[PDB]
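Below is one structure, written out as structure tokens, with a few remarks after it.
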Amino acid sequence: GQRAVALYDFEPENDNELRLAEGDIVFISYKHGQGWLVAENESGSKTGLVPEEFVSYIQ
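Using this note's numbering, you'd call the opening residue of the sequence shown number 43 and step up by one each time.
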């Protein structure tokens with residue numbers, strides 16, 4: 043997936059959503075819909091939905 047980093051902490055509230063902490067290394071697999079990306083964690087051991095505005099792509 044495409045290299046990115048988490049901008050803010052993200053508290054899920056749902057089993058479909060992936061918890062983030064500010065500064066986490068992640069990889070974006072695809073866009074699920076308006077406002078939602080499917081992401082994997084640094085090692086690829088976990089995957090889930092995160093807000094589109096809570097990540098930035100690594101240049």
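Ideal Cβ positions, reconstructed from N, Cα and C, are used throughout, including at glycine.
Option nearest residue i by Cα separation, candidates the options
i	options	result
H74	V92, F96, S98, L49	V92
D57	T89, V97, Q101, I100	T89
Sequence-distant residues of the same chain with beta carbon closer than 8 Å to residue i, five excluded per side
i	result
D66	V47, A48, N83, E84
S98	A46, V47, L49
Rounded straight-line distance, which links the Cα of residue j to that of residue i
i	j	result
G86	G77	22 Å
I100	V68	10 Å
Burial state of residue i, where buried means 16 or more other Cβ atoms lie within 10 Å
i	result
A81	buried
Any non-hydrogen atom of the ligand ADP within 7 Å of residue i CB
i	result
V80	In terms of ligand content, the structure shown is empty, and the ligand ADP therefore cannot be addressed.
Nonlocal neighbours in the same chain, by C-beta distance under 6 Å from residue i, ignoring five residues either side
i	result
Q44	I70
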